[PDB]
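Q: Got a structure for you, questions after.
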Amino acid sequence: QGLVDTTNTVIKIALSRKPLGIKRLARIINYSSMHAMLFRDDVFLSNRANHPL
Amino acid sequence: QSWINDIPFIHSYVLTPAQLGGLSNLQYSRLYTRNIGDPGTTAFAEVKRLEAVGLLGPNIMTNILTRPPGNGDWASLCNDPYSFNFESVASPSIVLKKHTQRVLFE
């Protein structure tokens, strides 16, 4: 299955066959902002009062 | 509009390795040899060096080690080892490629 030639034309044909979804499409469009906010909330802006060994 | 003007956030975000959630795909050791080896120890070694020399703050080393875990399956561990189970959003190339495979093979 990892030998198909997924060009943009193939991807548009397969999206015209079956649409993607509602949650996944919102994650596709909002990907850069969600990635940045996830980095911000996890590892940059955190208290983490537990200090590990 | 909030995080784009936080300049130490942009610093600490374009420089943290992509294995740990940042943006940087150029460890310093990539400049001498290829990408062979474990990705995770290279990521944590670069974070250790950048904390030592004073670029990246001491906040980030404590926060990455205390990070709440992601979902994970045994299939997610096996299909990709070297994989920290952190909560991370999925790449649109991977999502759309896999969707097109599972649609064309129907």
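A note on labels: chains of the structure tokens are A, B, ... as shown, every chain counts residues from 1, and ligands are counted from 1 in their shown order.
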For chain B, which residues have at least one atom within 12 Å of chain A, if we go by only C-alpha atoms? Write them as a PyMOL selection string, please.
A: chain B and resi 1-4+6+8-23+56-70+86-106
Q: To one decimal place in Å, what is the distance between CA of residue 42 (chain B) and CA of residue 82 (chain B)?
A: 11.0 Å
Q: CA of residue 76 (chain B) and CA of residue 38 (chain B), how far apart in Å?
A: 17.4 Å
Q: Expressed in Å to a single decimal, how great is the separation between CA of residue 36 (chain B) and CA of residue 24 (chain B)?
A: 16.8 Å
Q: Please identify the helix (DSSP H, G or I) residues within chain A (assignment by DSSP from backbone atoms) and present them as an MDAnalysis selection string.
A: chainID A and resid 8:17 23:29 31:44
